[PDB]
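This document opens with one chain alone, in structure tokens, the form deposited in one PDB entry.
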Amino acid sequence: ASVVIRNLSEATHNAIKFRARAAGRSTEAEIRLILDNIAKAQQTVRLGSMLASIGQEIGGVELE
């Protein structure tokens, strides 16, 4: 999906640009990661059910 951020404070932009490069990422990828991490937090994964699902989907397995 695409998203346009306008009227972004100049400084806030300089700062993000900094984080991105200082980590070897393009600014765009940086923001993309940031928003990604936030989603990650907001979410509470159901580990048990998550797998048992993937297992019921592939007819179940036994990885020893």
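Residue indices: 1-based, along the sequence shown. Definition used throughout: the rigid core is the maximal C-alpha set that superposes within 1.5 Å between two forms. Only residues modelled in both forms are compared.
Legend: mean Cα B-factor per stretch from the PDB entry, 54-62 versus 3-11; the higher mean is in 54-62. When the modelled residues of the chain are ordered by their C-alpha B factor, residue 43 lands in the middle third.
The same protein has a further form, the form deposited in another entry, not shown here; the description that follows concerns it.
Of the candidates 23, 41, 11, 54, the Cα that moves 2 angstroms or more after core superposition between this form and the one not shown belongs to 54 alone. In the other entry, the CA atoms of residue 54 and residue 36 move apart by 3 angstroms or more relative to this form.
Relative to this conformation, an increase of 3 Å or more in the Cα-Cα distance between residue 57 and residue 37 is found in the other entry.
Shifted segments between this form and the one not shown, defined as at least 3 consecutive common residues whose CA atoms all move 2 Å or more after rigid-core fitting, occur once only, at 45-64.
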